[PDB]
Each structure stands twice: as C-alpha cells, then as structure tokens.
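Take a look at the structure set out below.
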Amino acid sequence: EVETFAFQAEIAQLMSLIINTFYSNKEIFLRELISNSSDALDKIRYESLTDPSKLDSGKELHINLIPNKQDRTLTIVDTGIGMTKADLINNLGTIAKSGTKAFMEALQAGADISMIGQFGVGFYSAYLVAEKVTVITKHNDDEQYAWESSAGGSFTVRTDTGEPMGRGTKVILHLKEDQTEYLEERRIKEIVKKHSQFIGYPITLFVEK
Ligand SMILES: NC(=O)c1ccc2c(c1)CCCO2
C-alpha cells in the first residue's frame with residue numbers, strides 16, 4: 001500500500017531551485033547528508049544515556065557509504081535515531097518551511113547554495129546529484145518505512161518489506177546520468193576528507209564489486 005503526498009508549496013519551490021539553478025559545487029550534498037547522519041547518531045546516543053534499552057535495536061553507531069555502479073546509486077547509511085512516519089509526512093516539512101524561507105531570502109541577499117545546511121534543509125541538497133531519492137528509516141517507536149521522491153511536487157511513503165535495518169536511516173541517491181563521479185572511490189574519499197574529516201563516528205567507504 002503506497003501513499004502519495006504533495007509537498008508543501010515552499011518545499012516544492014526549494015527542490016525546483018536546487019534542481020534548476022546553475023551551481024557547479026555539487027559535492028557539498030555529501031557533507032550535508034553526513035552531517036544529518038551525525039546529528040541522528042548524536043540523538044540516539046544522548047537518549048541512550050538515560051534509557052540504555054534504546055540501543056537494543058543496535059549498539060553500533062556508524063556511517064556507511066556504499067556506491068553501486070550497476071544500480072548507479074550512492075547509499076548513505078547511519079544507525080542513528082531514525083525517523084517516524086509522522087517525521088516523514090509532517091514534522092520535518094513543518095520545520096523545513098521556516099528554514100526554506102530564510103534560505104530563500106539569504107540567497108537573494110548574496111548567499112550561495114553551499115550554505116543550505118545553516119538553514120536546516122540540507123537534506124534537499126541531495127537533488128543536486130540525484131534524480132530520485134529513496135529513504136529507508138526505522139525509529140524505535142515506529143515501523144520501517146520507505147520514503148521516495150523524484151521531486152515534481154510529490155513524494156510517497158510505504159511500509160518497507162525489505163531487509164530489516166534494526167534502527168537508523170538509509171538515504172539512497174539514484175544519481176543523474178552526468179553525476180557518476182560520486183560513485184568513484186577516489187572522489188568520495190576526497191570529499192569526505194575535505195568536508196567531513198572531524199565527524200565523531202566511523203565513516204566506512206565500501207568498495208565496489
Ligand atoms: N527537511 C529535512 O531536513 C528533511 C530531512 C530528511 C528527510 C526529509 C526532510 C524528508 C523525508 C526524508 O528524509
């Protein structure tokens with residue numbers, strides 16, 4: 001059973017801007033997703049200090065980067081706090097509305113797209129390089145869900161029947177045809193070293209084949 005939702009108009013406008021604006025420095029998408037993963041890992045780690053059972057779904061706190069040239073996907077996996085169905089449908093878009101407005105005014109005042117993370121909407125930088133984004137997520141308090149959007153104003157949510165994750169978030173970037181450089185090991189290593197060198201969780205870059 002697949003549910004289809006409309007983005008809020010302001011979020012649809014942000015995604016169109018990200019997709020349509022000429023902006024060569026696309027590699028910052030990875031910094032934003034890794035930073036999002038680090039934030040999610042901070043949250044479950046802090047919650048586990050007063051409720052150790054919150055780690056019954058997985059003790060390991062890490063980030064995995066998985067390229068797949070056959071599928072042309074780059075997957076960012078973390079074992080963070082995960083995301084509820086209400087997060088996917090309502091809560092994140094509510095917070096994103098005010099950050100999008102602030103980001104919009106900042107851009108007209110001279111800011112650039114690489115500053116997107118300062119406004120809490122860095123996730124949408126994924127559409128700098130991805131024609132479609134699939135998000136698999138599991139929060140301790142909810143079921144495992146699959147969120148998906150190719151932009152165009154709508155997204156879907158379904159219960160995920162795939163491999164159980166235990167806890168966390170998997171962001172699957174279906175890359176645009178001219179953005180396959182982000183499947184190369186040397187390119188990903190360069191970006192992580194440049195932008196994410198002090199993340200306080202192990203980042204493992206998987207090797208292809
Ligand atoms: N607004 C945000 O910062 C955000 C983050 C993650 C995320 C979404 C939105 C949409 C659902 C899938 O995952």
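Order of appearance sets the numbers: ligands from 1, and atoms from 1 within every ligand. Computation of the quantities below employed the complete heavy-atom set of this structure, encompassing side-chain atoms and omitting hydrogens, waters and symmetry-equivalent molecules. Numbering starts at 1 and runs along the sequence shown.
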Could you go step by step and tell me if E47 and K54 meet the salt bridge (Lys or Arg N to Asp or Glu O under 4.0 Å) rule? CA-CA 7 Å; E47 281 189 7; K54 302 222 172 182; 2.8 Å; yes
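- A distance-only check finds no donor-acceptor pair linking the side chain of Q144 to the backbone of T137 [under 3.5 Å].
- Aromatic ring centres of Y127 and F29: separated by at least 6.0 Å.
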For ligand 1, what N or O to protein N or O distances fall under 3.5 Å?
residue  : atom  : partner : partner atom : Å
ligand 1 : 3 (O) : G120    : O            : 3.3

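- Between the side chain of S37 and the backbone N or O of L33 there is at least one donor-acceptor pair closer than 3.5 Å.
- A pairwise comparison of heavy atoms in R187 and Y182 identifies NH2-OH, 3.5 Å as the closest pair.
- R167 places no side-chain N or O within donor-acceptor distance of the main-chain N or O of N140, the cut-off being under 3.5 Å.
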